[PDB]
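The structure appears below as structure tokens.
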Amino acid sequence: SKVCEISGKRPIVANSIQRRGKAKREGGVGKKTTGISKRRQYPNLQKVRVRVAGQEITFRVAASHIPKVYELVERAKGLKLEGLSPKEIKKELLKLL
Amino acid sequence: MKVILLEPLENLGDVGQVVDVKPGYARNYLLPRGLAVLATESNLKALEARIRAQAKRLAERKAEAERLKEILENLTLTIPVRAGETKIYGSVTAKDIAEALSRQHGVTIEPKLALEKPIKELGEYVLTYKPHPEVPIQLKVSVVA
RNA sequence: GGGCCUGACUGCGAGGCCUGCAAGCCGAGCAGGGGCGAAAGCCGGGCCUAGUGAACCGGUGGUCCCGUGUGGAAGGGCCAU
RNA sequence: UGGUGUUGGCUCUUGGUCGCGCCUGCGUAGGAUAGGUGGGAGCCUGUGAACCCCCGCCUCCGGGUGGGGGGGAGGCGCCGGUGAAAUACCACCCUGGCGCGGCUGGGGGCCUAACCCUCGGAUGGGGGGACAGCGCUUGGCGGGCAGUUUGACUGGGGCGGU
RNA sequence: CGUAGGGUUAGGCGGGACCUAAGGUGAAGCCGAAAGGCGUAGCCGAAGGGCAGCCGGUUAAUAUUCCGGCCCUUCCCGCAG
RNA sequence: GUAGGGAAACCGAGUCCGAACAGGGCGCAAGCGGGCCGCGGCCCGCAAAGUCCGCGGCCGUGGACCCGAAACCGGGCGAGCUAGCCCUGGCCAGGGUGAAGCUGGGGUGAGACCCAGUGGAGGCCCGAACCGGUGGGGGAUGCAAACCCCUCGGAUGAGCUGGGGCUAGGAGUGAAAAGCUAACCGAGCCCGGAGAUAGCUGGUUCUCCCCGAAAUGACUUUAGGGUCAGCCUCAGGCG
RNA sequence: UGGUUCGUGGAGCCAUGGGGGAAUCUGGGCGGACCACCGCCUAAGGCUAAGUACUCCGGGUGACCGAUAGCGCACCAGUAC
RNA sequence: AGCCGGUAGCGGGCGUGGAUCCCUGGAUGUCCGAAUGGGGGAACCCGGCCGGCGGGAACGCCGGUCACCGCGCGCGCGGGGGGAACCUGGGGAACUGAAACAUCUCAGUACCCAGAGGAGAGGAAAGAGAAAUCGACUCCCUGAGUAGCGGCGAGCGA
């Protein structure tokens, strides 16, 4: 999944470490790493679809920022919208950040 | 989370009330359909602005009232009609009392006033004004020749 | 074969065997505290030569040695296993 | 594949719990069935007495208790008796349960409005529907693929043996 | 083969100012750490469709191209119907 | 460098183990003078701990004496060869066999079906172009890094072919041979990581002088390699 | 998960893909788990010369080479092929 | 005081009324190339609009102008590509070392990508860490192969 349109959050590379053994803290002999490998962790992207100035504009956003969409909209009331193109509304919106 | 309801809403609350819901409800039902609004600092205020303003507008309403409580219940009113013993040669609808109180010590309010029909006999009367809810003014009135 | 007993000691260890290293083996004697003996004395497992496993990493007991500004604590060290 | 995010509404039936409402608690003794520890010398009646009948629930079978009905100025405790504990009554908490509701965990159905699909049309309709899809995490299956291992001696190597 | 000089003439032949094929590219739009991958429309893409020239003469070397004869195509202005 | 011992607290010419003021481990002692002076007071020189630089021998880390892999990984370049598919065109002399259908006739209640005529089907037959490549001979520093003569297979089909296109490296394509993917494919080429690594093979360049081994033992994923020991050599010391 | 010397370790600190989710100085983070003291610092906005690196380019100098050397190229070379 | 490149020669010119040559500025600057009107097999092909040329309507030539994207209020301003190394960021191997190998190592190296610029990054403490201390960042020496890290192996290393 791409990048969150609000937070700029974007996939990161991170290791999948596989271990074996009983931990030291559990009186065991220690942990042995039986494999490391590269993976990615994704932002939890989703779709927010809001009506703004009587127009359907949709964000692709991470869950950790869904309400940020809704804060924008509310802020956006005092903005000179209409009868913009959906694209330029969205543009104008993000500018509020 | 928290929302300010714009309308009355079944098992949530009266308009203007602030209730706490699951965000899914809010975002996919309440907010779209102008039923409620998010409880943000920015319209948590508009709650109280509406409140304060409501309180003060009622305050003056119980002010220019308290004028019309001391200035009224503190005079009289004759009526210059004629009278052949009992029952009136003209007749006073509250519209008269309207313009009538608006005549002598004159004075002016806006009827309503308790004259379900107009005054057909003569004598000693005291008519129920009520300019504003929970503020009674009894008012002395005489019908004379 | 029997009597009592726990030396199948704890500190050590002059000097040697053997030996590339690392190990392996023998050990008299001084001290602590004992056993058996009247005593001289003998006893630091087994008539002897096989019955074993270096480090690392962990477990338990003790020790109270370090303890991340300080008091602790976490965790380690040392002794035992 | 479980959990959680995206993910929401409404009922139904069960679980956990917490707010009260209530009734439940059975050795000997002791009037009787004493759940525990405080307040207790008085309580109850026009917030109309013992008795009388019907029922509900309890039963350790003698009782308990809710109400209903007629009666309507009449009945219980400190003392006493008793036992480990003593008494009405005012509490508070149990024990156990029934009902209310908060908050939720299982389910069952239904809804639509997220998501998804579809429709000469669409700030819309029809279908799927909080599933599926996707994010993080859990455990599993996993030569589909990847990195490697697969000892030495040895009258050659292997086999056997060591 | 070396040095030199000459030689390739088109409205009609072939291709372009026409069309579309696979594919390619690609307003819209989707997607992807970046690079970039997709994508109805359009556009690109021919040895496919479309489209008006035949016979002879001439040069050391060109000719459906130059010349000769006969015959056409399109665009422009005009006139008339 | 001037202090060590101890795991450490610490202590310190000592310290650790220990109850020890036994025993033991690891440490601690400084030069050579000659003289002045009323035995070293302590000068003075000479030498030295140590250390700094130069030099040389060797060792560590780097490609580390030089040359050489089979391979691995990254990024690119290739389907003008070849394999498959897509688009659009083209090609296949001649001959032979004679399916279904039809038409006529025979047949039956009507049919089946039979007979002729017609008809012109087919991964049909013969055989050129074309596509193959069976067997043999030749060719073998070739005409040719796959050829030539003779002979042979398909030849209306799952045929052959021009043009335009697409699919590629753990990937393509494959009527399947691990075949083909630009004359060597059990993983293309090129460039880079890169001087990969090579306990293996080869090679190691002037002169004289002195000495002069080993091919054993222990252990070793060791066994044609190593560590230590044995044996060689040089310097200092002992005698 | 990554960064750090830190390979799960007693694992803080810094960064953050997921879930939960505050406060505005009597607030917050840190001093290597945690706690208590004592201290340090003020996160979630940004800009900031110089000292530093390199060498296509110019110049200066070599116990640098001297046409098999030195750049691959002293020459019409990234050419011929 | 010579000169018309490396070049002589044919055949012609210029220069102390200061030429050639060098420096600076300016003019010209075909076609391709980020390539940008559109198309395209780079240096070819084809157009719209405005102005000029020709007898000039058809034809052709000349001059201007016309891509896309990001910002601002149709108009402006920016971007695009390139650059030996050097820099930051987003990704990121393996040979090899461990005398085998998987954790480890080689290494955040090679390389790919994006961006920056004459540098770049960093940069005014939610720092350091034990001093009643220090006081941005970078960079050098030292600290120090110390502290530690580590199949406590190889090795890594503040």
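Chain labels follow the order of the structure tokens: the first chain is A, the next B, and so on; residue numbering restarts at 1 in every chain, and ligands are counted from 1 in their shown order.
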May I have all residues of range 2-85 of chain A that DSSP, computed from the backbone, assigns to alpha helix (DSSP H), given as a compact mmCIF listing (two decimals) with N, CA, C and O atoms, in the first residue's frame?
# COMPACT_ATOMS: atom_id res chain seq x y z
N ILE A 66 -7.41 8.80 10.40
CA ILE A 66 -8.75 9.03 9.85
C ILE A 66 -9.50 10.29 10.34
O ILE A 66 -10.06 11.01 9.50
N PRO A 67 -9.46 10.61 11.66
CA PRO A 67 -10.11 11.83 12.19
C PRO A 67 -9.47 13.13 11.73
O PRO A 67 -10.11 14.19 11.74
N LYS A 68 -8.19 13.07 11.37
CA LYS A 68 -7.53 14.21 10.77
C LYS A 68 -8.28 14.60 9.51
O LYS A 68 -8.43 15.79 9.23
N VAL A 69 -8.75 13.63 8.73
CA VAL A 69 -9.56 13.97 7.57
C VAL A 69 -10.70 14.84 8.03
O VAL A 69 -10.91 15.94 7.53
N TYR A 70 -11.41 14.35 9.03
CA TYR A 70 -12.60 15.01 9.53
C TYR A 70 -12.31 16.35 10.18
O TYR A 70 -13.17 17.23 10.24
N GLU A 71 -11.09 16.54 10.67
CA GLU A 71 -10.73 17.83 11.21
C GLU A 71 -10.56 18.82 10.08
O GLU A 71 -11.04 19.95 10.17
N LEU A 72 -9.90 18.40 9.01
CA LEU A 72 -9.77 19.21 7.81
C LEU A 72 -11.11 19.73 7.34
O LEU A 72 -11.32 20.94 7.32
N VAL A 73 -12.01 18.83 6.96
CA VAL A 73 -13.36 19.20 6.55
C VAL A 73 -13.94 20.32 7.41
O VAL A 73 -14.31 21.37 6.90
N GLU A 74 -13.99 20.10 8.72
CA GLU A 74 -14.54 21.08 9.66
C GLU A 74 -13.83 22.41 9.54
O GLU A 74 -14.47 23.46 9.46
N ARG A 75 -12.50 22.38 9.53
CA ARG A 75 -11.72 23.58 9.29
C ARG A 75 -12.08 24.22 7.94
O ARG A 75 -12.05 25.44 7.79
Within 12 Å of chain A, which residues belong to chain E? Use only C-alpha atoms (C1' of nucleotides) and report them as a PDB file with C-alpha atoms (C1' of nucleotides), in the first residue's frame.
ATOM      1  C1'   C E  31      -1.096   1.065  -8.829  1.00  0.00           C
ATOM      2  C1'   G E  32       3.851   0.897  -7.046  1.00  0.00           C
ATOM      3  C1'   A E  33      10.042   2.347  -1.288  1.00  0.00           C
TER       4        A E  33
END
Residues near residue 4 in chain G, cut-off 12 Å, only C-alpha atoms (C1' of nucleotides), skip fewer than 4 positions along chain, as a PDB file with N, CA and C atoms (P, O5', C5', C4', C3', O3' and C1' of nucleotides), in the first residue's frame:
ATOM      1  P     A G  11      15.673  -6.369  30.542  1.00  0.00           P
ATOM      2  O5'   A G  11      16.591  -5.202  29.991  1.00  0.00           O
ATOM      3  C5'   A G  11      16.358  -3.855  30.381  1.00  0.00           C
ATOM      4  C4'   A G  11      16.556  -2.904  29.230  1.00  0.00           C
ATOM      5  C3'   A G  11      15.852  -3.300  27.943  1.00  0.00           C
ATOM      6  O3'   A G  11      15.623  -2.133  27.171  1.00  0.00           O
ATOM      7  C1'   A G  11      18.186  -3.400  27.622  1.00  0.00           C
ATOM      8  P     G G  12      14.182  -1.451  27.164  1.00  0.00           P
ATOM      9  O5'   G G  12      14.521   0.056  27.494  1.00  0.00           O
ATOM     10  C5'   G G  12      14.312   0.550  28.794  1.00  0.00           C
ATOM     11  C4'   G G  12      15.394   1.498  29.196  1.00  0.00           C
ATOM     12  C3'   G G  12      15.560   2.732  28.329  1.00  0.00           C
ATOM     13  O3'   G G  12      14.575   3.732  28.585  1.00  0.00           O
ATOM     14  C1'   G G  12      17.669   1.792  28.805  1.00  0.00           C
ATOM     15  P     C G  13      13.671   4.320  27.382  1.00  0.00           P
ATOM     16  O5'   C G  13      14.688   5.304  26.642  1.00  0.00           O
ATOM     17  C5'   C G  13      15.373   6.324  27.353  1.00  0.00           C
ATOM     18  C4'   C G  13      16.653   6.717  26.660  1.00  0.00           C
ATOM     19  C3'   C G  13      16.535   7.109  25.194  1.00  0.00           C
ATOM     20  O3'   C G  13      16.129   8.464  25.011  1.00  0.00           O
ATOM     21  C1'   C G  13      18.308   5.560  25.460  1.00  0.00           C
ATOM     22  P     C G  14      14.731   8.816  24.284  1.00  0.00           P
ATOM     23  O5'   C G  14      15.144   8.865  22.748  1.00  0.00           O
ATOM     24  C5'   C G  14      16.264   9.628  22.325  1.00  0.00           C
ATOM     25  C4'   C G  14      16.643   9.311  20.903  1.00  0.00           C
ATOM     26  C3'   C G  14      15.484   9.010  19.959  1.00  0.00           C
ATOM     27  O3'   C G  14      14.899  10.175  19.408  1.00  0.00           O
ATOM     28  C1'   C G  14      17.144   7.344  19.744  1.00  0.00           C
ATOM     29  P     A G  15      13.329  10.211  19.090  1.00  0.00           P
ATOM     30  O5'   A G  15      13.209   9.341  17.773  1.00  0.00           O
ATOM     31  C5'   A G  15      13.768   9.794  16.556  1.00  0.00           C
ATOM     32  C4'   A G  15      13.701   8.723  15.501  1.00  0.00           C
ATOM     33  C3'   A G  15      12.328   8.127  15.255  1.00  0.00           C
ATOM     34  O3'   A G  15      11.548   8.926  14.392  1.00  0.00           O
ATOM     35  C1'   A G  15      13.941   6.399  15.415  1.00  0.00           C
TER      36        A G  15
ATOM     37  P     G H 148      33.964  -3.304  30.833  1.00  0.00           P
ATOM     38  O5'   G H 148      32.479  -3.491  30.308  1.00  0.00           O
ATOM     39  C5'   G H 148      32.186  -4.446  29.307  1.00  0.00           C
ATOM     40  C4'   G H 148      31.408  -3.834  28.177  1.00  0.00           C
ATOM     41  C3'   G H 148      30.794  -4.812  27.188  1.00  0.00           C
ATOM     42  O3'   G H 148      29.552  -5.325  27.639  1.00  0.00           O
ATOM     43  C1'   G H 148      31.941  -3.116  26.009  1.00  0.00           C
ATOM     44  P     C H 149      29.010  -6.736  27.097  1.00  0.00           P
ATOM     45  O5'   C H 149      29.003  -6.522  25.524  1.00  0.00           O
ATOM     46  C5'   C H 149      27.975  -5.786  24.882  1.00  0.00           C
ATOM     47  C4'   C H 149      28.035  -5.992  23.398  1.00  0.00           C
ATOM     48  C3'   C H 149      27.927  -7.441  22.945  1.00  0.00           C
ATOM     49  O3'   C H 149      26.588  -7.860  22.767  1.00  0.00           O
ATOM     50  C1'   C H 149      29.785  -6.395  21.886  1.00  0.00           C
ATOM     51  P     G H 157      34.206  -2.444  13.073  1.00  0.00           P
ATOM     52  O5'   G H 157      34.088  -1.935  14.578  1.00  0.00           O
ATOM     53  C5'   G H 157      32.899  -1.334  15.049  1.00  0.00           C
ATOM     54  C4'   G H 157      32.993  -1.010  16.511  1.00  0.00           C
ATOM     55  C3'   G H 157      34.053  -0.004  16.901  1.00  0.00           C
ATOM     56  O3'   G H 157      33.669   1.325  16.651  1.00  0.00           O
ATOM     57  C1'   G H 157      34.110  -1.820  18.402  1.00  0.00           C
ATOM     58  P     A H 158      34.777   2.483  16.636  1.00  0.00           P
ATOM     59  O5'   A H 158      34.817   2.963  18.155  1.00  0.00           O
ATOM     60  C5'   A H 158      34.308   4.235  18.531  1.00  0.00           C
ATOM     61  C4'   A H 158      32.879   4.136  18.988  1.00  0.00           C
ATOM     62  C3'   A H 158      32.363   5.305  19.818  1.00  0.00           C
ATOM     63  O3'   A H 158      31.896   6.380  19.024  1.00  0.00           O
ATOM     64  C1'   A H 158      31.924   3.310  20.955  1.00  0.00           C
TER      65        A H 158
END
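Residue-level contacts from chain C to chain A at 10 Å, counting only C-alpha atoms (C1' of nucleotides), read residues 57, 58 and 59 of chain C.
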**Distance filter 10 Å, only C-alpha atoms (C1' of nucleotides), chain A against chain H, as a ChimeraX atom specification** = /A:13,19,32-36
What does the file look like for those residues with N, CA and C atoms, as a compact mmCIF listing (two decimals), in the first residue's frame?
# COMPACT_ATOMS: atom_id res chain seq x y z
N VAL A 13 11.01 -0.92 5.91
CA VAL A 13 11.63 -2.23 5.89
C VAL A 13 12.00 -2.61 7.33
N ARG A 19 13.41 -16.92 16.23
CA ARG A 19 14.24 -17.38 17.32
C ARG A 19 13.83 -18.78 17.77
N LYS A 32 18.35 -18.47 20.48
CA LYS A 32 19.17 -18.66 19.29
C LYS A 32 18.37 -18.25 18.07
N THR A 33 18.97 -17.37 17.27
CA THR A 33 18.33 -16.78 16.10
C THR A 33 18.52 -17.68 14.93
N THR A 34 17.44 -18.28 14.49
CA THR A 34 17.54 -19.31 13.50
C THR A 34 17.34 -18.75 12.11
N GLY A 35 17.02 -17.46 12.03
CA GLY A 35 16.93 -16.78 10.75
C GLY A 35 16.51 -15.32 10.87
N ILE A 36 17.20 -14.41 10.17
CA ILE A 36 16.67 -13.06 9.99
C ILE A 36 16.38 -12.87 8.52
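Pairwise distance (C1' of residue 39 in chain C, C1' of residue 2 in chain C) equals 21.6 Å.
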**Request:** Mind listing the strand (DSSP E) residues of chain A, per DSSP on the backbone, as number ranges by chain?
**Result:** A: 12-20, 32-41, 45-51, 56-62
Give me, as CSV, each residue of chain B that comes within 10 Å of chain D, together with its shortest interatomic pair and the distance in Å at one decimal, counting only C-alpha atoms (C1' of nucleotides), with rows ordered by chain and rising residue number.
residue,atom,partner,partner_atom,distance
B:22,CA,D:8,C1',8.0
B:23,CA,D:8,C1',8.4
B:24,CA,D:8,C1',5.0
B:25,CA,D:8,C1',5.1
B:26,CA,D:8,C1',8.7
B:27,CA,D:114,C1',8.5
B:28,CA,D:113,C1',5.4
B:29,CA,D:113,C1',5.9
B:30,CA,D:113,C1',9.6
B:32,CA,D:113,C1',9.4
Write out the residues from the selection above, keeping N, CA, C and O atoms, as an mmCIF file, in the first residue's frame.
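Full text of part06.cif as output:
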data_model
loop_
_atom_site.group_PDB
_atom_site.id
_atom_site.type_symbol
_atom_site.label_atom_id
_atom_site.label_comp_id
_atom_site.auth_asym_id
_atom_site.auth_seq_id
_atom_site.Cartn_x
_atom_site.Cartn_y
_atom_site.Cartn_z
ATOM 1 N N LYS B 22 -19.755 5.082 19.346
ATOM 2 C CA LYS B 22 -18.655 4.441 18.650
ATOM 3 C C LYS B 22 -18.395 5.242 17.396
ATOM 4 O O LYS B 22 -19.341 5.659 16.728
ATOM 5 N N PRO B 23 -17.115 5.446 17.054
ATOM 6 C CA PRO B 23 -16.742 6.337 15.954
ATOM 7 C C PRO B 23 -17.321 5.881 14.623
ATOM 8 O O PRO B 23 -17.478 6.702 13.730
ATOM 9 N N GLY B 24 -17.639 4.597 14.491
ATOM 10 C CA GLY B 24 -18.170 4.083 13.244
ATOM 11 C C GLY B 24 -19.546 4.645 12.990
ATOM 12 O O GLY B 24 -19.878 5.051 11.873
ATOM 13 N N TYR B 25 -20.345 4.662 14.054
ATOM 14 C CA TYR B 25 -21.676 5.255 14.038
ATOM 15 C C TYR B 25 -21.586 6.713 13.596
ATOM 16 O O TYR B 25 -22.200 7.109 12.606
ATOM 17 N N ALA B 26 -20.801 7.488 14.335
ATOM 18 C CA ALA B 26 -20.572 8.891 14.036
ATOM 19 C C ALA B 26 -20.264 9.137 12.569
ATOM 20 O O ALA B 26 -20.966 9.881 11.883
ATOM 21 N N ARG B 27 -19.217 8.487 12.088
ATOM 22 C CA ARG B 27 -18.606 8.872 10.821
ATOM 23 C C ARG B 27 -19.364 8.398 9.588
ATOM 24 O O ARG B 27 -19.242 8.988 8.511
ATOM 25 N N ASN B 28 -20.157 7.348 9.756
ATOM 26 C CA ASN B 28 -20.853 6.744 8.634
ATOM 27 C C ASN B 28 -22.360 6.898 8.722
ATOM 28 O O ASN B 28 -23.087 6.382 7.873
ATOM 29 N N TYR B 29 -22.831 7.596 9.750
ATOM 30 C CA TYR B 29 -24.258 7.811 9.907
ATOM 31 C C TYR B 29 -24.519 9.232 10.334
ATOM 32 O O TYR B 29 -25.082 10.042 9.592
ATOM 33 N N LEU B 30 -24.097 9.517 11.554
ATOM 34 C CA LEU B 30 -24.438 10.754 12.223
ATOM 35 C C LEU B 30 -23.907 11.958 11.456
ATOM 36 O O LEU B 30 -24.697 12.743 10.918
ATOM 37 N N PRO B 32 -22.550 12.371 8.329
ATOM 38 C CA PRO B 32 -22.986 12.575 6.941
ATOM 39 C C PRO B 32 -24.377 13.182 6.846
ATOM 40 O O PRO B 32 -24.616 14.110 6.062
#
**Message:** Env of range 60-66 of chain C: 7 Å cut, atoms = only C-alpha atoms (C1' of nucleotides), seq-sep filter 3 positions within chain, self excluded. Answer as a ChimeraX atom specification.
**Reply:** /C:77,79 /F:8-9
**Message:** Can you pull out the residues contacting residue 106 in chain B? Cut-off 12 Å, using only C-alpha atoms (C1' of nucleotides), and skip same-chain residues under 3 positions away; I want them as an NGL selection string.
**Reply:** :B and (71-72 or 75-77 or 97-103 or 109)
**Request:** For range 15-24 of chain F, please output as a ChimeraX atom specification all residues within 12 Å (counting only C-alpha atoms (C1' of nucleotides); exclusion window: fewer than 2 positions along the same chain).
**Result:** /C:10-14,29-33,78-79 /F:3-8,10-13,26-28
**Asked** Could you pull the residues within 12 Å of residue 25 in chain E, counting only C-alpha atoms (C1' of nucleotides), minus those fewer than 4 positions along the same chain, as a ChimeraX atom specification?
**Response** /E:39,42-45 /H:39
For the residues in that selection, give me N, CA and C atoms (P, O5', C5', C4', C3', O3' and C1' of nucleotides) as a PDB file, in the first residue's frame.
ATOM      1  P     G E  39      -2.482  -2.826 -19.712  1.00  0.00           P
ATOM      2  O5'   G E  39      -3.554  -1.650 -19.824  1.00  0.00           O
ATOM      3  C5'   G E  39      -4.844  -1.779 -19.246  1.00  0.00           C
ATOM      4  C4'   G E  39      -5.485  -0.433 -19.010  1.00  0.00           C
ATOM      5  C3'   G E  39      -5.739   0.414 -20.243  1.00  0.00           C
ATOM      6  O3'   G E  39      -6.928   0.030 -20.921  1.00  0.00           O
ATOM      7  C1'   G E  39      -4.786   1.749 -18.522  1.00  0.00           C
ATOM      8  P     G E  42     -10.991   6.004 -30.068  1.00  0.00           P
ATOM      9  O5'   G E  42      -9.807   7.078 -30.152  1.00  0.00           O
ATOM     10  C5'   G E  42     -10.084   8.449 -30.420  1.00  0.00           C
ATOM     11  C4'   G E  42      -8.915   9.347 -30.084  1.00  0.00           C
ATOM     12  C3'   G E  42      -7.669   9.200 -30.949  1.00  0.00           C
ATOM     13  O3'   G E  42      -7.765   9.901 -32.169  1.00  0.00           O
ATOM     14  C1'   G E  42      -7.048   9.256 -28.675  1.00  0.00           C
ATOM     15  P     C E  43      -7.210   9.254 -33.527  1.00  0.00           P
ATOM     16  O5'   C E  43      -5.650   9.314 -33.319  1.00  0.00           O
ATOM     17  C5'   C E  43      -4.976  10.547 -33.330  1.00  0.00           C
ATOM     18  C4'   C E  43      -3.598  10.392 -32.779  1.00  0.00           C
ATOM     19  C3'   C E  43      -2.708   9.391 -33.500  1.00  0.00           C
ATOM     20  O3'   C E  43      -2.120   9.899 -34.689  1.00  0.00           O
ATOM     21  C1'   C E  43      -2.600   8.990 -31.191  1.00  0.00           C
ATOM     22  P     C E  44      -1.829   8.904 -35.917  1.00  0.00           P
ATOM     23  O5'   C E  44      -0.553   8.075 -35.408  1.00  0.00           O
ATOM     24  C5'   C E  44       0.672   8.743 -35.080  1.00  0.00           C
ATOM     25  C4'   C E  44       1.751   7.784 -34.604  1.00  0.00           C
ATOM     26  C3'   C E  44       2.030   6.589 -35.508  1.00  0.00           C
ATOM     27  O3'   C E  44       2.979   6.887 -36.507  1.00  0.00           O
ATOM     28  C1'   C E  44       1.687   5.832 -33.292  1.00  0.00           C
ATOM     29  P     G E  45       2.898   6.176 -37.940  1.00  0.00           P
ATOM     30  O5'   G E  45       2.945   4.625 -37.577  1.00  0.00           O
ATOM     31  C5'   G E  45       4.164   3.980 -37.249  1.00  0.00           C
ATOM     32  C4'   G E  45       3.923   2.533 -36.932  1.00  0.00           C
ATOM     33  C3'   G E  45       3.277   1.722 -38.047  1.00  0.00           C
ATOM     34  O3'   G E  45       4.235   1.199 -38.952  1.00  0.00           O
ATOM     35  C1'   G E  45       2.084   1.384 -36.037  1.00  0.00           C
TER      36        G E  45
ATOM     37  P     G H  39       2.122  13.778 -30.284  1.00  0.00           P
ATOM     38  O5'   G H  39       2.836  13.193 -31.577  1.00  0.00           O
ATOM     39  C5'   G H  39       2.236  12.165 -32.323  1.00  0.00           C
ATOM     40  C4'   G H  39       3.012  11.872 -33.565  1.00  0.00           C
ATOM     41  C3'   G H  39       4.203  10.975 -33.411  1.00  0.00           C
ATOM     42  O3'   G H  39       3.851   9.623 -33.183  1.00  0.00           O
ATOM     43  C1'   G H  39       4.699  12.723 -34.897  1.00  0.00           C
TER      44        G H  39
END
**Prompt:** Hey, can you check how far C1' of residue 59 in chain F sits from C1' of residue 20 in chain C?
**Reply:** 21.9 Å
